[PDB]
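> how would this look folded up:
(chains A, B, C, D, E, F, G, H and I, ligands or ions: 13)
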Amino acid sequence: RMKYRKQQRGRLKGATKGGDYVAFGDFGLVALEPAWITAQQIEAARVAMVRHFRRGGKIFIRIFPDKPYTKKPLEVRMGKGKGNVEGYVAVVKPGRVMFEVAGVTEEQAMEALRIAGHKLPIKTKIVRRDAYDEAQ
Amino acid sequence: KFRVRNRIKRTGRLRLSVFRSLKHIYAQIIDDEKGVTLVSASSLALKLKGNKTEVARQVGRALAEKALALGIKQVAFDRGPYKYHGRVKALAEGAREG
Amino acid sequence: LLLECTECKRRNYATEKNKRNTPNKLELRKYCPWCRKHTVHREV
Amino acid sequence: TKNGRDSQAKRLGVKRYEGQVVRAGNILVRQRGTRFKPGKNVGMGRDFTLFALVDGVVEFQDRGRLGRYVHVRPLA
Amino acid sequence: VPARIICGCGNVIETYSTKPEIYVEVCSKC
Amino acid sequence: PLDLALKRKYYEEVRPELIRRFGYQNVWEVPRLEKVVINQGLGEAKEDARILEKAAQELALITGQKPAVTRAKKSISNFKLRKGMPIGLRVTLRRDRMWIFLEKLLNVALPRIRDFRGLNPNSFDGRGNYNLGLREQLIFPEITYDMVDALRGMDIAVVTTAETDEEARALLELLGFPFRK
RNA sequence: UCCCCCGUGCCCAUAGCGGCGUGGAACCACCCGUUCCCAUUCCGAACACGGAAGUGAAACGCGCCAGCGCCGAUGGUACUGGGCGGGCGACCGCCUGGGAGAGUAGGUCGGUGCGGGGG
RNA sequence: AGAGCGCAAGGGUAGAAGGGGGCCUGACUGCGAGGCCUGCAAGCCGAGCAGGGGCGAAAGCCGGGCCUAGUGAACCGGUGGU
RNA sequence: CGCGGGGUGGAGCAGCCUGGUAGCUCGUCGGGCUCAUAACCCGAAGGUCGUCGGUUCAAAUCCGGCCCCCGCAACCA
Ligand SMILES: [Mg+2]
Ligand SMILES: [Mg+2]
Ligand SMILES: [Mg+2]
Ligand SMILES: [Mg+2]
Ligand SMILES: [Mg+2]
Ligand SMILES: [Mg+2]
Ligand SMILES: [Mg+2]
Ligand SMILES: [Mg+2]
Ligand SMILES: [Mg+2]
Ligand SMILES: [Mg+2]
Ligand SMILES: [Mg+2]
Ligand SMILES: [Mg+2]
Ligand SMILES: [Mg+2]
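Numbering: from 1, shown residues only, chains lettered A, B, ... in the order given. Ligands and ions are numbered 1, 2, ... in the order given. What follows is the structure:
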C-alpha cells in the first residue's frame, strides 16, 4: 500500500455499500455480518482456495484491506497506539462479495468456497450467478 | 479583456460605452443595474462625414447636447478595451470640453 | 534592524525598519510632520 | 508523541442573513477568502470582510460563474 | 543599401544588407 | 525599400503555381510567408556578459534588424543555470527585412555551407511551418572571418498560413528552398 | 408592427469541443501604407495614426446534426427530526413526517433586455 | 486552472490577488459612524470627515505585502523633543 | 522499549553545524633500489555516503519513517 500512518476506528453502520453483485467468475462468496477482515484472513482463504483444487482456474478477491489496525504493546495511555500489529483490514458489510472463482467446475467451487468460509470470521453464504446485472 | 469595464460598473451610474470601429466610432450612455442606453450618438452610422479623429470630436459634442438636455452630467466614461490616446481620446475629449 | 526617521531642520521621529546588509543604507523617503505639512525625512 | 496542537477558533462564516435589518457598517459576513463577493452597497477589507455601507436589508444572489454576491437594498 | 554579392564564379545579385561590396564565393550560380 | 527578387518571386511565380498544384478560391487562402524567427541557446554566454553582446550584434547585421534578449525561468541545476539571470537570444523579423534575409539564405548562406546537401524535408512541425538548425554563423555574407571570436551556432524558423506540410513543401520549393531530396 | 445586423446588460453550459453550410452593397474584421500622434525589453505581429483596391479565407454573426461536454425526470431505495420494539454484542425491524446520490427514459448546438443602422 | 500568489496548511484567485514597464513613497498625521469576537483585558474590520500628498485624462485607488501565524499587560529605566 | 550519540573507498576517522566542490592514514595496483624481500623513492586506481520518501534550483549535508551498532536510564512500593 501507500498513503500515511494511522486512521480512525469508525463504526460499521448498515450493510449498504458493503455489498455488490457477482461481477466476475461464475460463483461467489457473500458476507452475512459486518466485520473488519484481516490481511491474514484473506491469505488464509486464498491459499486454501487454490490449494484445494490444484492447478485451478482464476480466483477473484474483490475486497481489499487498507485500514491500519491499531494496537498498544500491553501498557497504558501515552499518545495514540502504534497499531500495525495485525496489519490492515477491509470494511466488510453484509451483502459484500469477498471471493469468486471461475473457469472451474461447480463441485470444486462449491467445496473451495465452503472451505474458505471457515477461514473467515463472518458466517457466510454462497451465491451462484443468475443474470442480475443491469441492461435491457 | 475588460477589466476596466468592471471597475467602472461598481463605480456608479451612467456608463459611456465607447465602442469604435476601424473607421466608425459609436458611443452610448448605458446605465447599469437595469441596462438602458440614453444618449446614443453614433458616428459613421449616423450622419457625420469621414475623418475618424475630427468626427470623434463632433460626435462627442453630439452627446453633450443630447445629454445636457436630459439633465445628465456624470462622466462615467467607458474605455471599452481601448487605449486612451487617439480616437477614443477625442470622444470624452470633446464631450467633456462642453 | 530597527530604524527611526528624523525630520529636516526639526525634531520629530517616526517608526521604521531598515535592512542590515540587504541593499538599503540610507532612507530618503518623504513624510508628514506635525508642524506645517510634508517635508523630506532622513534616516539618522 | 508530538501532536497536541491547534490555533483557537476564528469563528468565521455568515454573520448576517437575508431579511435582516442593518445599520451602517455592520460586518455582514466574515470569510476566509472570496466565498462571497461584495455587491450593491457592500464593501470589504483586507481579511475579505463583508460589511454594509448603507442601511437596509441583506440579500444574497448566486450567479454561477461570477459567484455568490451579497448586497443591501436601501430604504427608509 | 543594395548589397551586391560579388561571389567569384559569375553572379552579382542586388539584395539588401550592410555594405553593397559583399565579397562572397560559391553562391547559387555554381 | 519595398522591392526585391524573392518579393516578386512569390507573387509572379509561386502564387499561381499554388493555384495549380491544389487550386484555391480566395487570395487570402493561398499560403503566405509572413513570419521569420531566429534563436540562440546561449547557456554559454551565461558567465561572460561580453560574449552576449557579440552574438547579438553579429545577429543584428545578418538579420538586418534589432536584436533581443530572453532569459530562462526554470533552473538547470545540472548546467550552472537557475531562475532569472542567464540569457537566450531571439529576433523576430517580418515584412521587407524578412524577404531580404531569405535572399542571403538560399543565395549565400546555404551555398557555402560545410558540404551542404539540402534541407531535411522532415523538419516540418507537421503543420504549415518549418524549423531548421545551423552551426557556423559566419556563413552569412557581411560576417568576416577575422572577427568571429566563436562559431556560435543558432537555429531559425518560419511561419506560414499553410495548414498542411504538402502545401509547405510545395510553397517552399517554389520559394527557392533546396530541400535534401 | 415584423426580419437581418452593431453595441451593450441579464439567465450562468439545454447558450460550449466539434463537423458542415451560409453572409459581404450596407455593418464588422482582415487588408495598404508608416510622414505625423504613439509603440513593440526585437518586429506596425498588438497598441496607435491617414485611408483607396481586394476578400469574407481567418474571426465574428445565423442556421443544421447529438459523436464528446453539459442539463436529466419518474418509480423505488440509502439516510433521518419525532414516536416504539428485538439481540448477548457487532446490530436489526415497525408507525408518522421528510427524502437524495447513482442509474434509466429523456432534453440541448441557446433564450432575453434597451439603445442604434438598413428594408 | 490541475501553475503562480516570498515561507506551513487551508479558503480564495487569471472577469488577478499572478508576470512586466512608467511615475513614485498613503510602510501618512489628526479622527472614526457602526460592527464581528468576547468573562476581563486583548484582538479584528471599517465607511465617511479634515488637513496634505502620490499615480491617472478621468471616474478613482493608497491609512503597507491575496488572507488567516511571525508575538509580550503592568512595573522599573534609557535617548530626542513638547 | 524512554533519553542521547553514529552508520562515509578494503580497515579506522574527517567532512554535516553555516548545503554545490569526498579529505587524511594504512592497505591494493604499476614502476624503481636489492641477488631476493621488507623498509624506502615515484605514479595510480577505488565511495550506491545504512535504507525509503520528502524540502530545495540542487542533499553525505536539512526534515520525517524503518533496520543495525554504542553510551545512559528503568525508581517508590
Ligand atoms: Mg464463518
Ligand atoms: Mg460564399
Ligand atoms: Mg439524481
Ligand atoms: Mg492553487
Ligand atoms: Mg499586478
Ligand atoms: Mg503584488
Ligand atoms: Mg472587549
Ligand atoms: Mg493574534
Ligand atoms: Mg479632503
Ligand atoms: Mg510590580
Ligand atoms: Mg563498515
Ligand atoms: Mg611481514
Ligand atoms: Mg542502567
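> What are the boundaries of the strands in chain B?
Taking DSSP state E as the criterion, chain B carries its strands at B:15-17, B:30-31, B:36-37, B:76-78.
> let me redo that: chain A
For chain A, the strands defined by DSSP E cover A:28-31, A:35-38, A:58-61, A:67-68, A:88-92, A:99-102, A:124-127.
> Quickly run through the sheet partners of the third one, with directions.
Looking back up the chat, that one is strand A:58-61. strand A:99-102 (antiparallel) (DSSP bridges).
> do the shortest one as well
According to DSSP bridges, the neighbouring strands of strand A:67-68, each with its direction, are strand A:88-92 (antiparallel).
> Tell me what residue B:17 is bridged to.
Under the criterion used here (DSSP bridges), residue B:17 is bridged to residue B:28, residue B:78.
> Isn't it up against residue B:80?
Yes: between residue B:17 and residue B:80 there is a contact under CB atoms under 8 Å: 5.7 Å. (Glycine included, C-beta is placed from N, CA and C.)
> picking that back up, mind checking the strands of chain A for the one nearest to residue F:19?
strand A:58-61 (64.8 Å; CB to CB).
> Identify the residues contacting the longest helix along chain B?
If you go by DSSP state H, chain B has its longest helix at helix B:52-70. For helix B:52-70, the external contacting residues (CB atoms under 8 Å, 6 or more residues apart in numbering or on different chains) are B:16, B:23, B:25, B:27, B:29, B:38-39, B:41-44, B:46, B:48-49, B:73, B:86-98.
> That one vs RNA strand H: in contact?
No: residues of helix B:52-70 contacting RNA strand H under CB under 7 Å from any atom of the strand: none, with a closest distance of 11.2 Å.
> if I look at the residue in chain F that chain D sits nearest to, how far off is residue C:8?
Closest contact between chain F and chain D, by CB to the nearest CB, is at residue F:73 (27.7 Å). To residue C:8, residue F:73 is 44 Å away according to CB to CB, to the nearest Å.
> Helix, strand, or coil at the residue nearest in space to the middle of chain E?
With distances taken as CA atoms, centre = their mean, the residue of chain E nearest its centroid is residue E:5 (0.7 Å). Per DSSP: H, G, I helix; E, B strand; the rest coil, the local secondary structure of residue E:5 is strand.
> which residues touch it?
E:11-13, E:15, E:22, E:24, E:27, F:107-108, F:141.
> Please pick the buried ones from those.
Among these, those scoring as buried are E:11, E:13, E:15, E:22, E:24, E:27, F:107-108, F:141 (criterion: 16 or more other CB atoms under 10 Å in any protein chain shown).
> Identify, from these, the entry nearest to RNA strand G.
residue E:15 (18.1 Å; CB to the nearest atom of the strand).
> so how far is RNA strand H from residue F:1?
Computed as CB to the nearest atom of the strand, to the nearest Å, the residue F:1 to RNA strand H distance reads 31 Å.
> just to revisit the earlier point, got a markdown table for the buried ones among the contacts of residue E:5, with distance to residue F:132 and secondary structure too?
Shown next, in a markdown table, are those (distance: CB to CB, whole Å; DSSP: H, G, I helix; E, B strand; the rest coil):
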| residue | distance to residue F:132 | secondary structure |
| --- | --- | --- |
| E:11 | 23 | strand |
| E:13 | 22 | strand |
| E:15 | 20 | coil |
| E:22 | 23 | strand |
| E:24 | 20 | coil |
| E:27 | 19 | coil |
| F:107 | 16 | helix |
| F:108 | 15 | helix |
| F:141 | 18 | coil |
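> Wait, the residue of chain F closest to chain D touches residue F:83, no?
Yes: using CB under 8 Å, residue F:73 and residue F:83 qualify as a contacting pair, with a distance of 7.1 Å.
> show me the contacts for residue C:6.
Applying CB under 8 Å, 6+ apart to residue C:6 gives the contacts C:12-13, C:41-44.
> Give me the buried entries from the residues you listed.
Buried among those by 16+ other CB under 10 Å: residue C:41.
> so which of the contacts of residue C:6 are also by RNA strand H?
Under the cut-off given by CB under 7 Å from any atom of the strand, RNA strand H has C:12-13 from those close to it.
> Can you tell me how far the one residue in chain A that gets nearest to chain E is from residue A:10?
Here chain A gets closest to chain E at one residue, residue A:2, 63.7 Å apart by CB to the nearest CB. Counting by CB to CB, the gap from residue A:2 to residue A:10 is 20 Å.
> Pick out whichever of these two has more residues nearby.
Legend: neighbour count by other CB atoms under 10 Å in any protein chain shown for residue A:2 and residue A:10, higher for residue A:10 (9 against 4).
> residues contacting the more buried one?
With CB under 8 Å, 6+ apart, residue A:10 has these contacts: residue A:91.
> Repeat that for residue F:109.
For residue F:109, the contacting residues are F:134, F:139-141, by CB under 8 Å, 6+ apart.
> Near chain E, which residues of chain F? Just list them.
Residues of chain F that fall close to chain E, judged by CB under 8 Å from any CB of the partner chain: F:1, F:4-5, F:61, F:64, F:96, F:100, F:103-104, F:106-108, F:111-112, F:141-142.
> Mind doing that once more with 6 Å?
Chain F has residues F:1, F:61, F:64, F:100, F:103, F:107-108, F:111-112, F:141-142 near chain E, with proximity defined as CB under 6 Å from any CB of the partner chain.
> Count the residues that sit near residue 4.
I went with chain A, as the question did not name one. Counted with other CB under 10 Å, residues neighbouring residue A:4 total 6.
> um, chain E though
With other CB under 10 Å as criterion, residue E:4 counts 15.
> Please verify my assumption that it contacts residue E:23.
No: between residue E:4 and residue E:23 there is no contact under CB atoms under 6 Å: 9.8 Å.
> Quick check: the residue of chain B found nearest RNA strand G vs residue B:20, distance?
Here chain B gets closest to RNA strand G at one residue, residue B:86, 1.9 Å apart by CB to the nearest atom of the strand. According to CB to CB, residue B:86 stands 9 Å off from residue B:20.
> Those two: which has the busier surroundings?
Per other CB under 10 Å, whichever of residue B:86 and residue B:20 has more neighbours is residue B:20, with 18 against 13.
> which ones are touching that one?
residue B:87 (CB atoms under 6 Å, 6 or more residues apart in numbering or on different chains).
> Would you mind measuring from it to residue B:81?
Taking CB to CB, one finds residue B:20 at 10 Å from residue B:81.
> can you check residue D:25 too?
36 Å.
> and the residue of chain E found nearest RNA strand I, helix, strand or coil?
As assessed by CB to the nearest atom of the strand, RNA strand I sits closest to residue E:18 within chain E, at 41.3 Å. Using three-state DSSP, the structure places residue E:18 in coil.
> For it, which residues are in contact?
So residue E:18 contacts F:61, F:142 (CB under 6 Å, 6+ apart).
> all helices for chain A, in order.
Counting by DSSP H, the helices of chain A are A:39-52, A:106-118.
> Show me what counts as buried in the longest one.
For helix A:39-52, a neighbour-count test (16+ other CB under 10 Å) marks A:39, A:41-42, A:45, A:49-50, A:52 as buried.
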